[PDB]
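The block underneath contains the structure these notes are about, expressed in structure tokens.
Number of protein chains: 2
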Amino acid sequence: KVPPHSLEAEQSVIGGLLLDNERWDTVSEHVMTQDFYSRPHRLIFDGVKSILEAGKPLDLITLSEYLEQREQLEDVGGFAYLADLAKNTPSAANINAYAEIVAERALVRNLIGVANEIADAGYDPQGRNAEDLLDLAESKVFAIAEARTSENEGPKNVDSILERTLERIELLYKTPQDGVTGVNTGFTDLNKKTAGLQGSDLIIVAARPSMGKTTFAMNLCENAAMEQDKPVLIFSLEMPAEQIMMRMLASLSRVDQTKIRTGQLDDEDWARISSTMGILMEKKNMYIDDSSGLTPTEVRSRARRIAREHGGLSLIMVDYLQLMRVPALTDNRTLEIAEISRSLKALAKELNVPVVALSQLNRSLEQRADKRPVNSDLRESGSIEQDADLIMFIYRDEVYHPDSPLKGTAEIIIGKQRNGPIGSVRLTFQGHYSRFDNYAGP
Amino acid sequence: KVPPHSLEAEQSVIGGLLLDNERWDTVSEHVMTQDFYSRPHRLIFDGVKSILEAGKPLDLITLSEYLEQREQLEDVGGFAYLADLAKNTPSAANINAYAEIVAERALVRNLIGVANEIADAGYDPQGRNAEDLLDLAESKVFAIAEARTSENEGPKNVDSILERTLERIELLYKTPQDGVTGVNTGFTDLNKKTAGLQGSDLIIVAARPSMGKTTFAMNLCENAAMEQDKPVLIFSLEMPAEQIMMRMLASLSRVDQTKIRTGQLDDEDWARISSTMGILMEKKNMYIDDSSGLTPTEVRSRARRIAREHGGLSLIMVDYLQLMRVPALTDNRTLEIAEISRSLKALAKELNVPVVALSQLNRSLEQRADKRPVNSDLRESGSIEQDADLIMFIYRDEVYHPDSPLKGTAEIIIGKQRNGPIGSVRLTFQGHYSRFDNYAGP
DNA sequence: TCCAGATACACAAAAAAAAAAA
Ligand SMILES: Nc1ncnc2c1ncn2[C@@H]1O[C@H](COP(=O)(O)OP(=O)(O)OP(O)(O)=S)[C@@H](O)[C@H]1O
Ligand SMILES: Nc1ncnc2c1ncn2[C@@H]1O[C@H](COP(=O)(O)OP(=O)(O)OP(O)(O)=S)[C@@H](O)[C@H]1O
Ligand SMILES: [Mg+2]
Ligand SMILES: [Mg+2]
Numbered sequence: 022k023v024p025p026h027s028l029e030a031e032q033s034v035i036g037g038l039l040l041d042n043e044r045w046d047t048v049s050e051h052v053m054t055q056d057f058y059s060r061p062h063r064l065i066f067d068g069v070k071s072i073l074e075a076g077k078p079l080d081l082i083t084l085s086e087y088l089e090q091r092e093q094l095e096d097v098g099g100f101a102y103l104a105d106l107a108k109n110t111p112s113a114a115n116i117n118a119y120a121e122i123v124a125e126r127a128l129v130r131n132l133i134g135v136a137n138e139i140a141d142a143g144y145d146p147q148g149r150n151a152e153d154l155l156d157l158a159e160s161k162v163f164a165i166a167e168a169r170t171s172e173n174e175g176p177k178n179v180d181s182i183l184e185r186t187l188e189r190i191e192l193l194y195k196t197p198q199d200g201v202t203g204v205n206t207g208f209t210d211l212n213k214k215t216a217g218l219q220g221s222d223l224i225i226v227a228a229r230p231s232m233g234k235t236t237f238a239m240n241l242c243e244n245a246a247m248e249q250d251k252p253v254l255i256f257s258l259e260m261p262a263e264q265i266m267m268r269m270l271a272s273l274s275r276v277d278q279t280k281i282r283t284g285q286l287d288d289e290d291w292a293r294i295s296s297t298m299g300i301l302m303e304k305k306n307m308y309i310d311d312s313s314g315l316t317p318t319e320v321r322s323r324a325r326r327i328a329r330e331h332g333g334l335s336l337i338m339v340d341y342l343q344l345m346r347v348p349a350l351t352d353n354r355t356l357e358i359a360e361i362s363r364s365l366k367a368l369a370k371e372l373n374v375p376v377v378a379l380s381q382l383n384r385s386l387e388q389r390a391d392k393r394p395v396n397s398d399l400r401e402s403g404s405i406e407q408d409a410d411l412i413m414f415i416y417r418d419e420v421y422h423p424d425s426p427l428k429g430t431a432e433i434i435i436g437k438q439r440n441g442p443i444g445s446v447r448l449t450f451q452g453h454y455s456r457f458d459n460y461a462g463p
Numbered sequence: 022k023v024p025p026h027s028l029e030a031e032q033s034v035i036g037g038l039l040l041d042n043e044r045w046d047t048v049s050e051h052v053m054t055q056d057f058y059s060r061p062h063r064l065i066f067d068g069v070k071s072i073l074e075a076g077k078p079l080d081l082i083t084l085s086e087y088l089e090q091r092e093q094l095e096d097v098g099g100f101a102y103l104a105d106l107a108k109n110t111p112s113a114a115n116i117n118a119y120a121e122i123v124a125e126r127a128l129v130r131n132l133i134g135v136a137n138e139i140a141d142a143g144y145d146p147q148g149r150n151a152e153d154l155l156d157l158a159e160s161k162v163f164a165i166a167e168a169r170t171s172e173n174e175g176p177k178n179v180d181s182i183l184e185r186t187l188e189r190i191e192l193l194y195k196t197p198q199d200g201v202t203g204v205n206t207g208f209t210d211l212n213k214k215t216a217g218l219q220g221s222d223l224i225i226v227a228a229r230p231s232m233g234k235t236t237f238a239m240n241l242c243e244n245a246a247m248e249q250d251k252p253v254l255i256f257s258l259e260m261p262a263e264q265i266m267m268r269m270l271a272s273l274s275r276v277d278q279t280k281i282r283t284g285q286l287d288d289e290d291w292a293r294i295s296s297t298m299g300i301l302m303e304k305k306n307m308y309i310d311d312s313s314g315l316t317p318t319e320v321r322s323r324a325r326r327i328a329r330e331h332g333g334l335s336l337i338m339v340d341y342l343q344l345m346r347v348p349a350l351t352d353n354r355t356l357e358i359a360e361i362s363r364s365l366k367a368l369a370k371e372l373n374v375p376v377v378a379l380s381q382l383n384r385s386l387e388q389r390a391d392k393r394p395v396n397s398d399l400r401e402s403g404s405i406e407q408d409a410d411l412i413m414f415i416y417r418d419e420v421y422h423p424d425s426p427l428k429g430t431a432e433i434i435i436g437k438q439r440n441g442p443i444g445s446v447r448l449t450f451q452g453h454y455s456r457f458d459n460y461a462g463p
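Structural data, given as structure tokens:
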């Protein structure tokens with residue numbers, strides 16, 4: 022059988038070395054003298070490496086002269102073969118890939134050789150017992166695997182990591198940026214715990230029906246759009262853009278939502294609406310997608326298109342993740358939810374922007390004495406919680422207990438945070454404006 | 022009869038990608054792997070997609086070594102075909118102009134394949150009737166259309182949404198309608214707290230057996246048909262049309278239902294019935310369907326036919342949504358109910374008409390000291406409570422406590438309203454006339 | 001693999017009773 026090898030890869034490596042000299046540093050750290058297969062190729066590579074290490078400039082003429090000095094010019098095919106190799110070079114940009122291919126082929130060939138060597142033993146014990154045969158397998162495989170080393174995926178001593186951490190904390194002494202390092206939510210208490218909405222993270226807001234989930238997410242997105250510079254993308258798979266716009270106008274302009282919807286407004290309400298209209302038309306930092314049944318690929322494509330068009334994004338909202346469709350798994354729901362969650366996390370990591378994805382809760386919450394949500398109430402949510410960087414629930418006590426002393430107030434439960442504290446935050450809820458607010462009072 | 026294809030477009034796309042890899046972002050959004058016709062081109066495009074999706078450089082050597090690793094370089098024609106493909110492409114100036122050609126050719130080929138398949142199925146009925154063949158053809162054509170119905174959809178900015186919202190608000194403001202902008206329900210407090218039954222919404226009425234769901238729904242439908250000009254469509258999956266007609270006659274004529282059903286009637290009752298018949302024949306805005314076991318597609322088709330024949334509809338009634346069935350999801354009841362609710366919501370959104378979906382309640386209510394229904398008591402109802410826009414419960418206290426001070430009275434609880442307040446409304450219930458009415462006392 | 005409906009045993013226990021404390 023033909024051993025695995027790529028002569029074209031070796032020719033490309035030689036051509037790239039001849040044509041380009043500034044990239045020798047990267048090539049020198051990936052290939053050796055014994056990695057090449059063809060003997061004339063080995064001689065040519067040895068000569069080129071010797072010339073390059075000698076410090077002399079590399080060119081076809083000097084390479085031919087050096088080969089003639091050792092009388093190996095005719096052995097490697099002559100000057101014509103070298104000229105053909107130089108002419109057949111595709112480009113010098115991808116010499117690293119060629120070197121990696123050559124190294125991989127050498128590794129697999131040596132592994133096959135070691136396998137044949139161990140296989141030969143056993144057909145001729147030569148006095149060795151089973152224990153000796155077992156022992157002289159691990160040593161050979163470890164020898165053939167030790168040549169490759171992870172870079173830099175290796176254990177590190179405390180000195181380097183401690184020095185890097187000291188450097189990090191020394192530069193962070195200046196410019197505190199008032200605590201928040203990501204996207205300002207607008208609520209001081211939640212800013213203290215979450216330290217803003219960090220990028221490359223997945224944030225999940227979940228609650229029972231009619232709790233204030235879409236309102237909370239829209240408030241966060243509106244504050245981000247008002248403060249930040251890059252646009253904020255919203256995927257409204259539940260409601261049309263008209264209703265979201267009416268809610269935003271009611272929230273910003275301090276105008277009753279019902280009067281806006283029914284068209285019963287006085288002069289002051291119109292003045293407030295005109296002011297917020299002027300502000301919104303001056304900003305131009307909001308995008309709404311009202312399409313239904315979007316697949317993860319479509320969401321990714323549209324997000325990438327917007328990001329490339331405007332150079333970046335600030336925040337992405339999905340409402341909600343259970344309404345997305347994966348046609349390849351229409352016969353299974355749990356796997357579909359897992360794929361949706363993994364795709365959302367991958368998109369968040371790729372675009373380096375936070376993604377606020379909403380979710381629903383199971384009906385087991387209301388069949389218990391205590392109605393406070395937990396992490397198990399999310400529907401089909403092994404993956405929903407496994408790959409979530411922050412889970413925030415919404416709980417209003419006045420819904421279940423009409424006589425509760427916490428009327429006109431809501432609690433945000435941080436059920437999970439990888440690098441932050443957890444707890445509860447109390448916020449004032451004003452439904453007629455579709456707005457949350459800081460708790461000025463007790 | 023050669024199926025449509027264009028090898029030149031595929032070769033141009035592959036050559037443009039090989040020459041410059043920086044335009045893969047635009048190309049990946051237009052042409053996929055399966056759009057190609059020739060199998061070697063499909064394999065080479067799979068290899069190109071695999072190489073470029075990870076960001077690694079793509080060239081002749083990389084693609085050739087990737088194809089050779091899986092014994093697939095012989096099928097595509099070897100390195101010679103790849104070299105010819107790379108050489109034959111002058112430049113990638115209009116690379117985006119060939120992906121559309123490939124996509125449209127693939128779409129035409131799929132359409133003609135489906136057209137041949139339907140004819141072949143028609144030539145071999147295999148025991149299927151013509152109705153089944155027509156249904157299959159319609160389903161396949163709809164599935165084809167849904168994939169590429171339009172391309173103008175996408176993330177829109179805030180300017181167009183603001184302009185449309187301002188136009189709608191001004192239109193509503195300039196035409197006062199006594200505070201109700203939707204279909205009047207006939208009850209003053211309910212209209213005040215609901216502003217009518219707004220269009221493009223899903224409304225659910227739920228109560229325990231023998232509480233008044235059908236009576237309340239029929240009262241709403243009668244009032245809507247009496248005031249509106251467009252007709253009202255009623256789906257009666259439970260009771261025959263004769264019983265509903267008798268109940269409606271009793272409600273409108275103010276005549277005992279038992280006397281009408283049995284036949285012992287006086288002269289004043291006959292006079293009132295004659296007046297009601299005259300009014301009904303004068304208006305004639307009612308359509309009653311009494312078929313059982315209807316799939317969502319059948320009700321959608323009937324509603325479309327009625328709306329097309331009469332140029333619009335004002336109200337659609339389903340009683341009740343647990344009687345509808347999807348034959349493809351018989352093995353799971355929860356998914357079937359979710360599909361029914363989703364289909365009802367989609368129909369309401371499409372036709373721009375309020376839809377009343379009567380629902381039952383679970384038996385977990387009877388185990389509580391408080392018999393007032395909650396949103397979680399609906400049967401098999403994740404989507405029922407997560408998709409509705411207005412939930413109205415019916416609760417009569419005299420059924421549980423015979424000597425209540427609220428005898429001859431009923432309470433309606435608005436358990437959920439996405440864009441409105443929640444509360445309760447007290448109404449007078451007259452069983453012998455099978456109708457609700459306004460309440461004047463405290 | 002989750003969601004939803006329903007019969008039955010067991011945990012006390014929960015309050016209420018209530019005895020009785022006052
Ligand atoms: N004018 C108003 N006055 C008082 N409460 C209101 C008013 N308008 C809306 N609300 C309430 O505000 C809340 C809004 O709920 P949302 O957060 O928008 O919906 P949701 O939480 O996403 O739940 P879904 O999507 O319907 S399952 C509801 O509880 C409404 O009853
Ligand atoms: N002549 C009458 N006198 C007194 N009560 C009456 C009379 N006729 C009807 N009723 C009551 O009015 C109710 C009518 O409500 P219905 O519409 O039958 O309830 P329902 O929701 O349809 O029950 P379902 O369909 O089985 S879930 C009856 O169940 C009786 O309780
Ligand atoms: Mg919502
Ligand atoms: Mg009924």
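Each protein sequence line maps, in turn, to chains F and E. Sequential numbering from 22 applies to the first sequence in PDB author numbering. Sequential numbering from 22 applies to the second sequence in PDB author numbering. Where is the CB? At the ideal position from N, CA and C, for every residue including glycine.
Strictly below 9 Å CB to CB, what residues from chain E border F:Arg384?
Neighbours of F:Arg384 on chain E, chain order: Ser397, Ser402, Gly403 and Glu406.
Can you find the residues in the same chain that come closer than 7 Å, C-beta to C-beta, to E:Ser221, ignoring five residues on each side of it along the sequence?
Same-chain partners within the cutoff: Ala369, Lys370 and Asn373.
Measuring from each Cβ to the nearest heavy atom of ligand 6, keep the ones under 6 Å and list them in chain order.
As presented, the structure is devoid of ligand 6, carrying ligand 1, ligand 2, ligand 3 and ligand 4 as its sole ligands.
Just confirm the distance between the C-beta atoms of F:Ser380 and F:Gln438, as a whole number of angstroms; I'd bet it's less than 8 Å.
About 16 Å; that fails the 8 Å criterion.
For F:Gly68, tell me which candidate among F:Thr83, F:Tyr58 and F:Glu387 has the shortest Cα-Cα distance.
The shortest C-alpha separation from F:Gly68 is found at F:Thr83.
Any beta carbon from chain F within less than 8 Å of residue 471 of chain E's own beta carbon?
Since the first residue of chain E shown is 22 and the last is 463, residue 471 of chain E is not available in this structure.
If you run the structure through DSSP and keep just helix, strand and coil, what is F:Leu350?
Of the three classes helix, strand and coil, the one that applies to F:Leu350 here is helix, per DSSP.
If you drop the 5 nearest sequence neighbours on each side, which residues of the same chain put their C-beta closer than 6 Å to that of E:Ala409?
Cβ within range, chain order: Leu223 and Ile225.
Closer than 9 Å, Cβ to Cβ, to anything on chain F: give me those residues from the segment 201–220 of chain E, in chain order.
Answer in chain order: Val201, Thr202, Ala216 and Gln219.
Smallest Cα separation from F:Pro375: which of F:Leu411, F:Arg185 and F:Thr351?
The shortest Cα separation from F:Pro375 among F:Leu411, F:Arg185 and F:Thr351 belongs to F:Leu411.
Give the DSSP-derived three-state secondary structure of E:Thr236 in the structure shown.
In the structure shown, E:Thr236 sits in a helix (DSSP, three-state: H, G or I).
Quick check on the burial criterion: 16 or more other C-beta atoms within 10 angstroms. Buried or exposed for E:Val23?
Per the 10 Å Cβ criterion, exposed.
Listing by chain order, which chain F residues have their CB less than 8 Å from the CB of E:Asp180?
Chain F residues near E:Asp180: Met302 and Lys305.
Does ligand 2 have a heavy atom nearer than 7 Å to the CB of E:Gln381?
Answer for E:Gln381: yes, Cβ within range of ligand 2.
Pull up the distance between the alpha-carbon of F:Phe414 and that of E:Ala158, whole angstroms please.
Between F:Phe414 and E:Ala158, the C-alpha separation is close to 47 Å.
For F:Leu106, collect the residues of the same chain with a Cβ closer than 7 Å to its Cβ; drop the 5 residues on either side in sequence, then sort them by chain order.
If we look at F:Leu106 and ignore the five residues flanking it on each side, its Cβ neighbours are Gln32, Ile35 and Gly36.
When we look at the beta-carbon of F:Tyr119 and count the other beta-carbons within 10 Å, is it buried (16 or more) or exposed?
Its Cβ being crowded by 16 or more others within 10 Å, F:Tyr119 is buried.
Near F:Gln219, which residues of its chain fall below 6 Å by C-beta distance, leaving aside the five closest residues on each side in sequence?
Hits under 6 Å: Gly203.
Residue range of the beta strand (DSSP E) that F:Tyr308 falls in?
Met307 to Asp310 is the span of the beta strand (DSSP E), which, as asked, contains F:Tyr308.
Would a C-beta distance cut-off of 8 Å place F:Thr449 and F:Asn459 closer than the cut-off?
Yes, the Cβ-Cβ distance between F:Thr449 and F:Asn459 is below 8 Å.
What residues from the segment 302–334 of chain F come within 9 Å of chain E, judged by C-beta to C-beta, listed N to C?
Cβ contacts with chain E: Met302, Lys304, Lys305, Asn306, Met307, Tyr308, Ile309, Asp310, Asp311, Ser312, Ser313, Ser322, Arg323, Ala324, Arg325, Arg326, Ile327 and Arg329.
Measure from the C-beta of E:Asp352 to each C-beta in chain F and report whether the shortest distance is under 8 Å.
Chain F, which has no Cβ nearer than 8 Å to the Cβ of E:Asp352, makes this no.
Taking 8 Å as the CB-CB cut-off, is F:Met413 touching chain E?
Judged by the 8 Å Cβ criterion, F:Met413 is not in contact with chain E.
For the segment 429–442 of chain E, which residues have a CB atom closer than 7 Å to at least one CB atom of chain F, in sequence order?
From the segment 429–442 of chain E, only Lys437, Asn440 and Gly441 have a Cβ closer than 7 Å to chain F.
Where does E:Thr279 land, buried or exposed, given buried means 16+ other C-beta within 10 angstroms?
So E:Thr279 ends up on the exposed side.
By a C-beta neighbour count over all protein chains shown, 10 Å radius and 16 as the cutoff for buried, is E:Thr236 buried or exposed?
Flag for E:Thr236 reads buried.
Kindly examine ligand 2 and report whether one of its heavy atoms sits closer than 7 Å to the Cβ of residue 9 of chain E.
Residue 9 of chain E cannot be examined here, being either before or after the span of chain E that is shown, 22 to 463.
Roughly how many whole angstroms lie between the Cα atoms of E:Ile443 and E:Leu211?
Roughly 11 Å separates the two Cα atoms.
How would you label E:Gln407, buried or exposed, when you count the other beta carbons within 10 angstroms and need 16 or more for buried?
Answer is buried; the Cβ neighbour count reaches 16.
Determine the chain E residues that contact F:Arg389 at a beta-carbon separation under 9 Å, and present them in chain order.
Ordered by position in chain E, no residue passes the 9 Å Cβ test against F:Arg389, which lies about 12 Å from the chain.
Please report the straight-line C-alpha distance between E:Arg130 and E:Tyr144, rounded to a whole angstrom.
Between E:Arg130 and E:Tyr144, the C-alpha separation is close to 21 Å.
Could you tell me whether any Cβ in chain E is nearer than 8 Å to the Cβ of F:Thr283?
For F:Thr283, the answer is yes, since a Cβ of chain E falls inside 8 Å of its Cβ.
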